[PDB]
Amino acid sequence: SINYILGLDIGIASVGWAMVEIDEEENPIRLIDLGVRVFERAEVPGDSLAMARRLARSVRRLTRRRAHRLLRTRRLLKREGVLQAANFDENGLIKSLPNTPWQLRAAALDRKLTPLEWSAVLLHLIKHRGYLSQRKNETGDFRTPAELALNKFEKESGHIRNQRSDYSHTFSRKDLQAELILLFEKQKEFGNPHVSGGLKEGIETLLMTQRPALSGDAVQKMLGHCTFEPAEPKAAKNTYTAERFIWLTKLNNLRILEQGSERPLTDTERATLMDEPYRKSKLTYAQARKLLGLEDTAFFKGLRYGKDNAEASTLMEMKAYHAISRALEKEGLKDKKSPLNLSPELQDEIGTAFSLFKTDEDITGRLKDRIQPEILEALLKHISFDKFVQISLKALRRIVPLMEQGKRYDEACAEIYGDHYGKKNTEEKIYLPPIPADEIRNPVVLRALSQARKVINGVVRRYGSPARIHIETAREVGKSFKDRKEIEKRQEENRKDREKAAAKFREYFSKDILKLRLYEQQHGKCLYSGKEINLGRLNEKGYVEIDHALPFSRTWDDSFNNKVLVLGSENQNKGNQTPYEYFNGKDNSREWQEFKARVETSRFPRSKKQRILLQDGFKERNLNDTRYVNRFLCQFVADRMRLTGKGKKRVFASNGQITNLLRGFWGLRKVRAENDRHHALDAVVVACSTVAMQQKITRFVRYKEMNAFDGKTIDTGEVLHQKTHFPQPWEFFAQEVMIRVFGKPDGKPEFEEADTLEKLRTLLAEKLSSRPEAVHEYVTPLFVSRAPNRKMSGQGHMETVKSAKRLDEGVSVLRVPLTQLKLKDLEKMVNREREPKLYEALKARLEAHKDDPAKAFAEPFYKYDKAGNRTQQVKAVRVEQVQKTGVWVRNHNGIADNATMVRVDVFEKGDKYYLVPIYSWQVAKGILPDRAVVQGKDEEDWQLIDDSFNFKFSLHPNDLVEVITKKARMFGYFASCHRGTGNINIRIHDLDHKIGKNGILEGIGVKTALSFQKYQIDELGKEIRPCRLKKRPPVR
RNA sequence: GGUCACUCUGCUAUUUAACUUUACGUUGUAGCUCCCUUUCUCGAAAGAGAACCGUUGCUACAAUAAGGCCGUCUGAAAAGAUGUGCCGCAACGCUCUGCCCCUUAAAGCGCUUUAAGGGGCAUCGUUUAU
DNA sequence: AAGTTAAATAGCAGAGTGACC
DNA sequence: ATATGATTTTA
DNA sequence: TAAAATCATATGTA
C-alpha cells in the first residue's frame, strides 16, 4: 500500500507521531501524516494520583482497626464483668465514662478505681498506644508515663497531648506496656475485683498487636522471574548458589593488565582463590595480590586506582555464609575455627526462607522439618535477608557447575539454554499487543505506553504495517574517553564521600549523614538565626530541622540544593516562604544581611548559593518515567510487532541529544510556549533520524570533540557548527515541516494559521514554490487529540471539615489559628461583635506587625478581664466562611467543599441550554441530580428539570465541544463548569498561549447559544464527528 | 575496525508500587473553664445570682472520604454474640454488560430495519483481598 | 514521622554475541 | 490543577 | 437586568 517510517516522541503527557514515505533504498522521500496525542491530567499540588489513593486506603485501615480494637475492648470490659449492660447506651458507648483518664492513670497507682474509672484508663491506654519499634533489635523518680506526663508537662506547658505548635510528649508502646502491667498489679493489691486474669491478657494483646508488614505471598507477589526459566522465581542474593554464581562471574571475568598486555587468571590461580572468601570474612584485592604473588607491574583491570589505597576495597565478600556462620558461633553451636557444617541446598533453603518471609511464624513454617530447632532459633534470633539475583536457583544449579569447570558465563548459558540472552516471547503481530501490565507496577508509565500503542495501532489500521518504527529514548550519544572517565572520577568520589561522612557520623553515637555533612558546609551556624548550634542533640526531632528553603510547596524541589539546616526557633515563624520573603524582602535587616553573609561564606555548592537566594512553574520533573516508557516500548515493539523493513532489526531507538543535534543542523532550533504541536515536529525529525546518523554523530562527539548539545567543535582555529556533514532529508525541510506542524510558514509566528484543508494546501503550494510532493491526499491540518477522562470515581469532598450549624444562612465556620489569621479573616471572626475587646486587640496586634500573623502572634495572646487582669490564652478563633453548597460528612456532623465534578448533563428548552452538575459523592450515594445552574442564586432556587426539558448529552472532562455565539464560534476540549456562573471553560487543542488565558477560554456562556454540540475524535486527531445520546445515563 | 541492542555482575544518580503503625489536624458531643450579646431575679444603689445562645483553654469520647459488605457461634424465627474482619480518590483490558462512532451487504423511502464486522469510552471486567 | 519490601532507568566499569555502517 | 465566590462588562 | 467574561482565592501534616 505505502512504505513509511513511523517516528514517535513520547513524553509523560503526550506522544507526537510522524509518518515519512521512503523509496526502496529506504531513503525518506516525503512527509505523509503527523499528529500529537495528549493524555496529561495528574499531580496533586505534588506527587502521584495512585499515591493519593494509596495513602487514603492506608489511613482507612488505621481508622477501621483502631475503632475495631476499641469496640472489642468495650465487649471485653462487659464479658469480664467490669461493666453490666446498664452502663452501655443504644449505640454501644459507655455511659458517664470519666473524661479524666490521665489523672486516674496516675491516681490508680495509689488507690482502687471505680469500674468506670478503671474502664476509662484501659480504653485510654488502648486508644493511644504509642509507636512500637519495627526494625531488628537483636526514667528515674517518675514510675509511669501518665505521672511524667501530668507532673512535668501540665506544670510547664499547660497541656499533655501534642499540638503542631508545641510538640512535647511521644511515648513508646513498650513504655505504655510497663504502665499497663504496673496498674494491673497496683490495682490487684488495692482490692480491685477486675484484675480478672483473662482481661489482663486480653487488654494486653489488643494493646500490643499489629498485623505484620509482610506475611504469606506478600514478597513472592512483587518478586520478578528468571531470565532463563521464566516459570520459576528469581534466586535470593543471600543464597549459597547465588553468592557462589557472583563470586565465579567476578573470578572468571577478572583480568590482570601487566607492563604491556592483559591476561585471564590461570586454572591454578582460580583454584588458589576459589575457597578464600569462604575461609575469611572477605577477600580484598590486596589479599588476592599476595596469594597469587603477581609482581608490581601487574594491576587489576577496571579497579579505581587514584591517590588512595584502592586495593583495600573488598574483591568478594560471602555475606550470607558468614552471616549464618557468625549467628551459630554467637549462640555457641559452631566453632569460630571450623567451617559451616550445612549443605548447599540447606544454605539455599534458609537464605530464600528469610528473603521471602519475615514473621517467625512464616519462616519456621518453611524451615521446621528441614532444619534442627536449636540452630533454627539461633538464626531466627540474628538473620535478616533481602534482595534477589536475576536468575532462578534452578538455572543457577545448572550454570554454576559449568563455571567451576572453567566456562565463561555466556558459554555456560549457551550450553544449557542456547544463548545468554534470556527466554523472550518473540511473536510478531500486525497490531502491537496489549502491554502485559503484570510486568509494569507504575501506572503513569503504563498509561503512557498504553496510549503510545493506541497511536501505533491507529496508524496501522489507517495505513497498514510500517517499514520501521523510530522511537526517541533518553540515552546520551556515546561520550569521548576524557568525558566518561571524568564522569567515572565524580561517580567514584560520590561513593568515597558517602563513606567519609558515614564514618565521622558513626564516630559520635540516610537523613542522618545529610544532617552532619550539612553542619560542616554552613560553618555550623544555623543559616537564619546565627547561633553556632550545640553540636549534640541530632536526635531531638524538632531541635535542628532539615528545612526546605525554597518551599516544596511552591518549587517542587527535594534535590540536594534546597535544604538549609537551622534550629526550631526560626523554622516556626516562616511558614510557606522563600529565604528572601522570610528575611524581610525589599529593605535590608539583621537576619537578611547575616543570611547574605552565611551564604557568600558557605561551602554549599556554587549552583545552590545562587538557588537559595533568588527573589513559578516546576521546571525539571520525572524524566525517569520517560526513560522507562521509551526503553520498554523499543524492547516490546522489536519483540512482538510485524514490520515491512529491510533488515532483522527494524526498530531504531534514537535519543533526545540526537534529534536536538539534527534539528540544530536542519534549522529548527526554537522555544515551545507556542503550542503542544512541537511534539509532532520532533516525531518527524525522529522518523528521519537513522542508524547511520547515530554512528556518524557518535564518532564525531566521541573521537572528534564535537559538542553533543550544540554540535560545534573548537578548531585552536575558531569554533564551527558541523552542520554541512549532516544534510536534511529533502531541500525544503524547515519550510515543509513547520507549515504542516504549525499551519504557518517558518519565518514568523504572527500570520493567521491555515486552519483548514484548502488554506493549508494553498499555503504549501505557494511557499514551497518548487516541491510538488509536499502537497498530496493525506494533508489535513494538525488538530491535537486529547484523550477523554470518563471515570465516575474521584475524591468525594475536600479534607477540611467545617461546622454546618449555620449552613441555614449560607455560612460554615472553622478555627483559623491566630498564626494564620490575617485582617480579612478577622473581619469574619464570629464573636467579632460578641467580644469587641477581643476584635480590637487582635486588629491592634495585626496592624502593629504589618498584617503578618506569623510574627504578629509569635508572643502568646490573652483575653483580658475588664478589671485589666490577664485570663485565658487564645490559640485559634472561629471564623465565618461563605458556603453556598457542600458535602455532608463525619456522620452528618460537618460539611466540606466538593472535590471532583464527575460530569455535566446538558439540556435544551426553548432554544436555551441548562447545565446540571454531578459530583463524585452524588454518584456514590446514587443521587441522580435534579437542578440546573442559574447564575446568581443558591441551588435551593435553581432550575428544576422535568419531562418539559430536552436532554442533549453528558460532558466529561476533556470531551470535545462546539459552541456558536452570534458573537463568535468556539471549538475545544471541555475543561470546567462554574456553579456560581453556569459557564464552561474550553481548552483549545494546541493550548496556544496567545488565545484565552494560556489556551483556556475562560467563561464561555452557553444559555443563549445558537448551538452547543458535543463531538468525538480519535487518537490521531482525524475522525472528528458529532455524537448525539438518546437516554440520559444513570450514575450507576 | 567502529556503533548499537540485549544477557550477567559491580557501582553512581534517580524513580515507582505494595504493606504495617504512630503522633497530630478537622468537625461533632460532653465536662471543667476564658470572655461576653440579650433576657430574667435580689439589691435603695456600687453590685451579686441565674438562663438560652455565642465562644476561649484543657481533657475525653465519636466520626475521619461521600459510601458498600463479610466471616464465625447461638438461634424455628426475630434477633443476639463475635472478629490481628474487608472494600471505596489508580490504571489497564474488551470474555460478559452498557453507551457512542465507523464500515460492508441486503431490503425498503440524507433515514430505518436486518445481518455481519470493526473501533472508542465506560457506571462492565481485571489487578483486588470474602 | 517510624518501619518491612519489591520494581524500573540514565550513567561508569567488567565479561560476552550479533545486527548494522 | 479544579472549584467556585465576587465583580465587571456586554446585549 | 440576565447573560456573559473576568478577577480572585482556597485547597490535610510529621
# chains A, B, ... in the order shown; residues from 1 in each chain; ligands from 1

call {"tool": "select_by_dssp", "arguments": {"residues": "range 502-586 of chain A", "states": "helix (DSSP H, G or I)", "output": "JSON, numbers by chain"}}
result
{"A": [502, 503, 504, 505, 506, 507, 508, 511, 512, 513, 514, 515, 516, 517, 518, 519, 520, 521, 569, 570, 571, 572, 579, 580, 581, 582]}

call {"tool": "write_last_selection", "arguments": {"atoms": "N, CA and C atoms", "output": "PDB file, in the first residue's frame"}}
result
ATOM      1  N   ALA A 502      29.878   9.132  56.421  1.00  0.00           N
ATOM      2  CA  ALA A 502      29.269   7.998  57.172  1.00  0.00           C
ATOM      3  C   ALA A 502      30.163   7.611  58.360  1.00  0.00           C
ATOM      4  N   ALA A 503      31.486   7.567  58.152  1.00  0.00           N
ATOM      5  CA  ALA A 503      32.495   7.200  59.175  1.00  0.00           C
ATOM      6  C   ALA A 503      32.441   8.213  60.320  1.00  0.00           C
ATOM      7  N   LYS A 504      32.542   9.504  60.018  1.00  0.00           N
ATOM      8  CA  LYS A 504      32.555  10.542  61.085  1.00  0.00           C
ATOM      9  C   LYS A 504      31.166  10.629  61.750  1.00  0.00           C
ATOM     10  N   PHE A 505      30.104  10.180  61.070  1.00  0.00           N
ATOM     11  CA  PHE A 505      28.751  10.004  61.673  1.00  0.00           C
ATOM     12  C   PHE A 505      28.809   8.892  62.735  1.00  0.00           C
ATOM     13  N   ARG A 506      29.269   7.684  62.361  1.00  0.00           N
ATOM     14  CA  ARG A 506      29.448   6.507  63.270  1.00  0.00           C
ATOM     15  C   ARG A 506      30.212   6.924  64.535  1.00  0.00           C
ATOM     16  N   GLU A 507      31.187   7.829  64.363  1.00  0.00           N
ATOM     17  CA  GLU A 507      32.205   8.182  65.381  1.00  0.00           C
ATOM     18  C   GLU A 507      31.536   8.653  66.680  1.00  0.00           C
ATOM     19  N   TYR A 508      30.415   9.392  66.635  1.00  0.00           N
ATOM     20  CA  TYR A 508      29.852  10.101  67.824  1.00  0.00           C
ATOM     21  C   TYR A 508      28.781   9.269  68.555  1.00  0.00           C
ATOM     22  N   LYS A 511      18.973  10.313  55.912  1.00  0.00           N
ATOM     23  CA  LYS A 511      18.658  11.516  56.720  1.00  0.00           C
ATOM     24  C   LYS A 511      19.925  11.952  57.475  1.00  0.00           C
ATOM     25  N   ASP A 512      20.495  11.006  58.225  1.00  0.00           N
ATOM     26  CA  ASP A 512      21.484  11.220  59.315  1.00  0.00           C
ATOM     27  C   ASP A 512      22.773  11.846  58.760  1.00  0.00           C
ATOM     28  N   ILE A 513      23.381  11.222  57.750  1.00  0.00           N
ATOM     29  CA  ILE A 513      24.710  11.672  57.247  1.00  0.00           C
ATOM     30  C   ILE A 513      24.496  13.037  56.588  1.00  0.00           C
ATOM     31  N   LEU A 514      23.294  13.289  56.046  1.00  0.00           N
ATOM     32  CA  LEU A 514      22.924  14.599  55.440  1.00  0.00           C
ATOM     33  C   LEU A 514      22.977  15.679  56.529  1.00  0.00           C
ATOM     34  N   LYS A 515      22.301  15.465  57.663  1.00  0.00           N
ATOM     35  CA  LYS A 515      22.344  16.401  58.824  1.00  0.00           C
ATOM     36  C   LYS A 515      23.804  16.819  59.061  1.00  0.00           C
ATOM     37  N   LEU A 516      24.670  15.833  59.349  1.00  0.00           N
ATOM     38  CA  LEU A 516      26.087  16.029  59.777  1.00  0.00           C
ATOM     39  C   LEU A 516      26.856  16.733  58.660  1.00  0.00           C
ATOM     40  N   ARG A 517      26.784  16.187  57.438  1.00  0.00           N
ATOM     41  CA  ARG A 517      27.540  16.667  56.249  1.00  0.00           C
ATOM     42  C   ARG A 517      27.060  18.079  55.885  1.00  0.00           C
ATOM     43  N   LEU A 518      25.975  18.584  56.498  1.00  0.00           N
ATOM     44  CA  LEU A 518      25.416  19.951  56.256  1.00  0.00           C
ATOM     45  C   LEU A 518      25.821  20.896  57.398  1.00  0.00           C
ATOM     46  N   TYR A 519      26.077  20.367  58.603  1.00  0.00           N
ATOM     47  CA  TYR A 519      26.677  21.138  59.729  1.00  0.00           C
ATOM     48  C   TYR A 519      27.955  21.819  59.220  1.00  0.00           C
ATOM     49  N   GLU A 520      28.802  21.066  58.502  1.00  0.00           N
ATOM     50  CA  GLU A 520      30.169  21.485  58.090  1.00  0.00           C
ATOM     51  C   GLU A 520      30.086  22.533  56.975  1.00  0.00           C
ATOM     52  N   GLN A 521      29.177  22.362  56.004  1.00  0.00           N
ATOM     53  CA  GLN A 521      29.002  23.257  54.819  1.00  0.00           C
ATOM     54  C   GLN A 521      28.723  24.686  55.311  1.00  0.00           C
ATOM     55  N   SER A 569      13.642  27.389  66.532  1.00  0.00           N
ATOM     56  CA  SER A 569      13.249  28.799  66.797  1.00  0.00           C
ATOM     57  C   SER A 569      12.765  29.474  65.503  1.00  0.00           C
ATOM     58  N   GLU A 570      13.524  29.401  64.401  1.00  0.00           N
ATOM     59  CA  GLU A 570      13.279  30.251  63.199  1.00  0.00           C
ATOM     60  C   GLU A 570      12.602  29.487  62.046  1.00  0.00           C
ATOM     61  N   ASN A 571      12.350  28.177  62.146  1.00  0.00           N
ATOM     62  CA  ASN A 571      11.584  27.465  61.082  1.00  0.00           C
ATOM     63  C   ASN A 571      10.086  27.605  61.338  1.00  0.00           C
ATOM     64  N   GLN A 572       9.714  27.885  62.592  1.00  0.00           N
ATOM     65  CA  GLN A 572       8.318  28.164  63.022  1.00  0.00           C
ATOM     66  C   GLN A 572       7.787  29.363  62.212  1.00  0.00           C
ATOM     67  N   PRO A 579      13.608  32.062  51.420  1.00  0.00           N
ATOM     68  CA  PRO A 579      14.547  32.736  52.323  1.00  0.00           C
ATOM     69  C   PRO A 579      14.563  34.270  52.197  1.00  0.00           C
ATOM     70  N   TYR A 580      14.184  34.804  51.027  1.00  0.00           N
ATOM     71  CA  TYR A 580      14.085  36.262  50.739  1.00  0.00           C
ATOM     72  C   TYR A 580      12.760  36.815  51.284  1.00  0.00           C
ATOM     73  N   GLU A 581      11.643  36.116  51.053  1.00  0.00           N
ATOM     74  CA  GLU A 581      10.301  36.514  51.558  1.00  0.00           C
ATOM     75  C   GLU A 581      10.297  36.415  53.094  1.00  0.00           C
ATOM     76  N   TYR A 582      11.003  35.429  53.665  1.00  0.00           N
ATOM     77  CA  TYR A 582      11.092  35.199  55.135  1.00  0.00           C
ATOM     78  C   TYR A 582      11.943  36.300  55.785  1.00  0.00           C
TER      79      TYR A 582
END

call {"tool": "interface_residues", "arguments": {"of": "chain A", "to": "chain E", "cutoff": "9 Å", "atoms": "only C-alpha atoms (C1' of nucleotides)", "output": "list in words"}}
result
residues 45, 164, 798, 799, 800, 935, 983, 1002, 1003, 1004, 1005, 1006, 1007 and 1008 of chain A

call {"tool": "atom_distance", "arguments": {"atom1": "CA of residue 337 in chain A", "atom2": "CA of residue 268 in chain A"}}
result
25.7 Å

call {"tool": "interface_residues", "arguments": {"of": "chain B", "to": "chain A", "cutoff": "8 Å", "atoms": "only C-alpha atoms (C1' of nucleotides)", "output": "PyMOL selection string"}}
result
chain B and resi 3+6-9+12+14-24+26-28+31+34-37+54-61+63-67+84+89-92+100-101+120-123+127

call {"tool": "select_by_dssp", "arguments": {"residues": "range 2-151 of chain A", "states": "strand (DSSP E or B)", "output": "JSON, numbers by chain"}}
result
{"A": [4, 5, 6, 7, 8, 9, 10, 14, 15, 16, 17, 18, 19, 20, 21, 22, 28, 29, 30, 31, 32, 33, 34, 35, 36, 37, 38, 88, 94, 131]}

call {"tool": "write_last_selection", "arguments": {"atoms": "N, CA and C atoms", "output": "PDB file, in the first residue's frame"}}
result
ATOM      1  N   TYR A   4       6.278   3.647   4.826  1.00  0.00           N
ATOM      2  CA  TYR A   4       6.539   4.754   5.769  1.00  0.00           C
ATOM      3  C   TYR A   4       7.352   4.233   6.954  1.00  0.00           C
ATOM      4  N   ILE A   5       8.257   5.089   7.415  1.00  0.00           N
ATOM      5  CA  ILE A   5       8.757   5.087   8.816  1.00  0.00           C
ATOM      6  C   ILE A   5       7.715   5.811   9.689  1.00  0.00           C
ATOM      7  N   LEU A   6       7.443   5.280  10.877  1.00  0.00           N
ATOM      8  CA  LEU A   6       6.631   5.948  11.930  1.00  0.00           C
ATOM      9  C   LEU A   6       7.582   6.422  13.018  1.00  0.00           C
ATOM     10  N   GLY A   7       7.769   7.733  13.157  1.00  0.00           N
ATOM     11  CA  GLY A   7       8.513   8.321  14.294  1.00  0.00           C
ATOM     12  C   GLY A   7       7.636   8.545  15.522  1.00  0.00           C
ATOM     13  N   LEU A   8       8.162   8.337  16.728  1.00  0.00           N
ATOM     14  CA  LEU A   8       7.462   8.711  17.987  1.00  0.00           C
ATOM     15  C   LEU A   8       8.368   9.591  18.865  1.00  0.00           C
ATOM     16  N   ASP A   9       7.856  10.754  19.309  1.00  0.00           N
ATOM     17  CA  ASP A   9       8.304  11.436  20.556  1.00  0.00           C
ATOM     18  C   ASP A   9       7.254  11.182  21.640  1.00  0.00           C
ATOM     19  N   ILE A  10       7.575  10.371  22.646  1.00  0.00           N
ATOM     20  CA  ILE A  10       6.669  10.032  23.776  1.00  0.00           C
ATOM     21  C   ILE A  10       7.241  10.680  25.021  1.00  0.00           C
ATOM     22  N   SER A  14       2.323  13.167  26.511  1.00  0.00           N
ATOM     23  CA  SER A  14       1.992  13.264  25.079  1.00  0.00           C
ATOM     24  C   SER A  14       2.776  12.215  24.299  1.00  0.00           C
ATOM     25  N   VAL A  15       2.270  11.843  23.126  1.00  0.00           N
ATOM     26  CA  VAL A  15       3.082  11.188  22.060  1.00  0.00           C
ATOM     27  C   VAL A  15       2.820  11.943  20.765  1.00  0.00           C
ATOM     28  N   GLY A  16       3.823  12.654  20.279  1.00  0.00           N
ATOM     29  CA  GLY A  16       3.882  13.113  18.881  1.00  0.00           C
ATOM     30  C   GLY A  16       4.253  11.954  17.976  1.00  0.00           C
ATOM     31  N   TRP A  17       3.618  11.850  16.824  1.00  0.00           N
ATOM     32  CA  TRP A  17       3.893  10.778  15.855  1.00  0.00           C
ATOM     33  C   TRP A  17       3.979  11.392  14.466  1.00  0.00           C
ATOM     34  N   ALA A  18       4.850  10.831  13.641  1.00  0.00           N
ATOM     35  CA  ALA A  18       5.103  11.261  12.251  1.00  0.00           C
ATOM     36  C   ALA A  18       5.162  10.019  11.340  1.00  0.00           C
ATOM     37  N   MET A  19       4.815  10.206  10.076  1.00  0.00           N
ATOM     38  CA  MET A  19       4.979   9.160   9.053  1.00  0.00           C
ATOM     39  C   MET A  19       5.753   9.761   7.890  1.00  0.00           C
ATOM     40  N   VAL A  20       6.852   9.127   7.522  1.00  0.00           N
ATOM     41  CA  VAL A  20       7.672   9.601   6.387  1.00  0.00           C
ATOM     42  C   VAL A  20       7.731   8.480   5.351  1.00  0.00           C
ATOM     43  N   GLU A  21       7.372   8.784   4.098  1.00  0.00           N
ATOM     44  CA  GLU A  21       7.430   7.804   2.990  1.00  0.00           C
ATOM     45  C   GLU A  21       8.873   7.691   2.492  1.00  0.00           C
ATOM     46  N   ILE A  22       9.244   6.475   2.085  1.00  0.00           N
ATOM     47  CA  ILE A  22      10.642   6.080   1.739  1.00  0.00           C
ATOM     48  C   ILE A  22      10.653   5.377   0.377  1.00  0.00           C
ATOM     49  N   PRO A  28      14.195   8.461   2.955  1.00  0.00           N
ATOM     50  CA  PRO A  28      12.904   9.119   3.148  1.00  0.00           C
ATOM     51  C   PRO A  28      12.632  10.117   2.016  1.00  0.00           C
ATOM     52  N   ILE A  29      11.484   9.969   1.362  1.00  0.00           N
ATOM     53  CA  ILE A  29      11.138  10.754   0.139  1.00  0.00           C
ATOM     54  C   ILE A  29      10.197  11.905   0.500  1.00  0.00           C
ATOM     55  N   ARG A  30       9.215  11.673   1.377  1.00  0.00           N
ATOM     56  CA  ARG A  30       8.128  12.663   1.568  1.00  0.00           C
ATOM     57  C   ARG A  30       7.398  12.497   2.914  1.00  0.00           C
ATOM     58  N   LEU A  31       6.884  13.617   3.445  1.00  0.00           N
ATOM     59  CA  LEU A  31       6.096  13.674   4.709  1.00  0.00           C
ATOM     60  C   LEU A  31       4.624  13.393   4.407  1.00  0.00           C
ATOM     61  N   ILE A  32       4.049  12.371   5.047  1.00  0.00           N
ATOM     62  CA  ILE A  32       2.639  11.926   4.844  1.00  0.00           C
ATOM     63  C   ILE A  32       1.747  12.618   5.877  1.00  0.00           C
ATOM     64  N   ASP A  33       1.730  12.074   7.085  1.00  0.00           N
ATOM     65  CA  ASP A  33       0.819  12.473   8.183  1.00  0.00           C
ATOM     66  C   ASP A  33       1.685  12.864   9.383  1.00  0.00           C
ATOM     67  N   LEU A  34       1.133  13.641  10.307  1.00  0.00           N
ATOM     68  CA  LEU A  34       1.736  13.836  11.643  1.00  0.00           C
ATOM     69  C   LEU A  34       0.615  14.126  12.624  1.00  0.00           C
ATOM     70  N   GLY A  35       0.894  14.081  13.927  1.00  0.00           N
ATOM     71  CA  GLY A  35      -0.133  14.301  14.959  1.00  0.00           C
ATOM     72  C   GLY A  35       0.451  14.389  16.344  1.00  0.00           C
ATOM     73  N   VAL A  36      -0.352  14.828  17.305  1.00  0.00           N
ATOM     74  CA  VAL A  36       0.063  14.913  18.725  1.00  0.00           C
ATOM     75  C   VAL A  36      -1.101  14.395  19.556  1.00  0.00           C
ATOM     76  N   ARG A  37      -0.851  13.450  20.439  1.00  0.00           N
ATOM     77  CA  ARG A  37      -1.898  12.831  21.275  1.00  0.00           C
ATOM     78  C   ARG A  37      -1.520  13.096  22.726  1.00  0.00           C
ATOM     79  N   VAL A  38      -2.333  13.885  23.423  1.00  0.00           N
ATOM     80  CA  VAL A  38      -2.097  14.302  24.832  1.00  0.00           C
ATOM     81  C   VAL A  38      -2.999  13.487  25.744  1.00  0.00           C
ATOM     82  N   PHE A  88     -24.007   0.848  79.169  1.00  0.00           N
ATOM     83  CA  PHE A  88     -23.937   0.990  77.687  1.00  0.00           C
ATOM     84  C   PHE A  88     -25.200   1.676  77.148  1.00  0.00           C
ATOM     85  N   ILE A  94     -19.991   3.697  76.409  1.00  0.00           N
ATOM     86  CA  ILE A  94     -20.062   3.630  77.895  1.00  0.00           C
ATOM     87  C   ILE A  94     -20.662   4.926  78.461  1.00  0.00           C
ATOM     88  N   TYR A 131       4.158   4.263  69.565  1.00  0.00           N
ATOM     89  CA  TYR A 131       4.782   3.605  68.392  1.00  0.00           C
ATOM     90  C   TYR A 131       5.612   2.423  68.867  1.00  0.00           C
TER      91      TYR A 131
END

call {"tool": "interface_residues", "arguments": {"of": "chain A", "to": "chain D", "cutoff": "7 Å", "atoms": "only C-alpha atoms (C1' of nucleotides)", "output": "PDB file with N, CA, C and O atoms, in the first residue's frame"}}
result
ATOM      1  N   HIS A 978     -18.687  26.311  35.952  1.00  0.00           N
ATOM      2  CA  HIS A 978     -18.845  27.220  37.114  1.00  0.00           C
ATOM      3  C   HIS A 978     -20.232  27.036  37.776  1.00  0.00           C
ATOM      4  O   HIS A 978     -21.247  27.240  37.088  1.00  0.00           O
ATOM      5  N   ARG A 979     -20.293  26.650  39.056  1.00  0.00           N
ATOM      6  CA  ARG A 979     -21.544  26.670  39.860  1.00  0.00           C
ATOM      7  C   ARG A 979     -22.092  28.091  39.892  1.00  0.00           C
ATOM      8  O   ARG A 979     -23.229  28.287  39.484  1.00  0.00           O
ATOM      9  N   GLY A 980     -21.290  29.041  40.364  1.00  0.00           N
ATOM     10  CA  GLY A 980     -21.727  30.431  40.577  1.00  0.00           C
ATOM     11  C   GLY A 980     -22.023  31.175  39.283  1.00  0.00           C
ATOM     12  O   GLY A 980     -22.488  32.306  39.362  1.00  0.00           O
TER      13      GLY A 980
END

call {"tool": "atom_distance", "arguments": {"atom1": "CA of residue 425 in chain A", "atom2": "CA of residue 633 in chain A"}}
result
14.4 Å

call {"tool": "closest_residue", "arguments": {"among": "A:208, A:380, A:567, A:629", "to": "chain C", "atoms": "only C-alpha atoms (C1' of nucleotides)"}}
result
A:629

call {"tool": "atom_distance", "arguments": {"atom1": "CA of residue 314 in chain A", "atom2": "CA of residue 281 in chain A"}}
result
10.0 Å

call {"tool": "closest_residue", "arguments": {"among": "A:297, A:392, A:157, A:473", "to": "chain C", "atoms": "only C-alpha atoms (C1' of nucleotides)"}}
result
A:473
